[PDB]
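# A structural walkthrough
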Amino acid sequence: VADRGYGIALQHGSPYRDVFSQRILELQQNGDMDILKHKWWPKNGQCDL
Amino acid sequence: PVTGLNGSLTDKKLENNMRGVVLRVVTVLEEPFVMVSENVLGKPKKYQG
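Figured I'd write up the structure that's included with this text. (Residues numbered from 1 in each chain as written, not as in the entry; some residues may be left out. Chains lettered and ligands numbered in written order. Part of a larger assembly, values for the part shown. Heavy atoms only, no water.)

Here the focus is the overall build of chain A. For chain A, the helix and strand inventory stands at two helices and zero strands. Projected onto its principal axes, the C-alpha coordinates of chain A cover approximately 45 × 25 × 20 Å. Here chain A holds 49 residues, and the buried ones make up 6% of them. Of the accessible surface of chain A, which amounts to about 5400 Å², a share of 55% is contributed by carbon and sulfur atoms. (Helix = DSSP H or I, 4+ residues; strand = E, 2+ residues; numbered from the N terminus. Buried < 20%, exposed > 50% of the residue type's maximum accessible area, 1.4 Å probe, protein only. Areas by Shrake-Rupley, 256 points an atom, 1.4 Å probe, with all protein chains shown as cover.)

Moving on to the interface of chain B and chain A. Contact with chain B, which involves six residues of that partner, is made by five residues of chain A. Where chain B abuts chain A, roughly 370 Å² becomes buried across the two surfaces, and 42% of that area is made up of carbon and sulfur atoms. Area buried by chain B at its contact with chain A is led by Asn 39, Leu 41 and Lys 45 of chain B, which between them contribute 76% of it. Viewed at the interface, chain A and chain B are joined by one salt bridge. Of the charged contacts in the structure, one is a salt bridge between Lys 45 of chain B and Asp 32 of chain A, with a shortest N-O distance of 3.2 Å. Across the chain B-chain A interface, the total number found is three residue pairs in polar contact. (Contact = heavy atoms within 4.5 Å. Buried area = accessible area lost by both parts, 1.4 Å probe. Salt bridge = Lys/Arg side-chain N within 4 Å of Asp/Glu carboxyl O. Polar contact = N/O pair within 3.5 Å; in protein donor to acceptor, adjacent residues only side chain to side chain.)

By secondary structure assignment, the location of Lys 45 of chain B is in the loop between β1 (35-36) and β2 (47-48). Looking at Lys 45 of chain B, its side chain comes within polar contact range of the main-chain oxygen of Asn 30 of chain A, at 3.4 Å. A distance of 3.2 Å separates polar atoms of two side chains, one belonging to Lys 45 of chain B and the other to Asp 32 of chain A. Among residues more than four places away in sequence, those in contact with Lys 45 of chain B are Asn 30, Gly 31 and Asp 32 of chain A together with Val 36, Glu 38, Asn 39 and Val 40 of chain B.

For the rest of this paragraph, the subject is helix α1 (residues 17-30) of chain A. Across its 14 residues, α1 of chain A extends 21 Å between first and last C-alpha, which sits within 8% of the 20 Å expected from 1.5 Å per residue. Just downstream of α1 of chain A lies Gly 31 of chain A, where phi reads positive at about 125°. (Expected span 1.5 Å × (residues − 1).)

Residues and elements named next belong to chain A. A cluster of nonpolar side chains, namely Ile 8, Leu 10, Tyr 16, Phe 20, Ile 24, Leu 25 and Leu 27, defines an oily patch on the protein surface of about 680 Å² accessible area. Within the secondary structure, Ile 24 sits in helix α1. Assessed through its relative accessible area of 33%, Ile 24 is described here as partly exposed. (Patch = residues over 30% accessible without salt bridge, like charges linked within 9 Å, V, L, I, M, F, W, Y side chains within 5 Å.)

Residue and element names in this part refer to chain A. Counting across every chain of the model gives five salt bridges over all chains. In this structure, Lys 37 and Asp 34 form a salt bridge, with 3.8 Å as the shortest nitrogen-oxygen distance. For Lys 37, a relative accessible area of 38% puts it in the partly exposed group. For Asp 34, a relative accessible area of 41% translates into the label partly exposed.

Spelled out as structure tokens, the structure:
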């Protein structure tokens, strides 16, 4: 299924929404949001499932 | 200051050709074209390919 994702949620109209939504881009761009995923999911299914 | 310039004060112009340029470049991590060499969290990572 294309173009859906997970997201942090906040109280309606809460102003802090944009600070997170900018910071997430800096985390993705640089190259640090990949280490966190390769830590919990290094795609290493020893046995075939 | 009495009579102004005699000959010239200096040669004209010392700006280095093409130099001092900085470019922002975008990429996608496809092997072997662009591989992440050094992997550290804080400091920026190195690229080999």
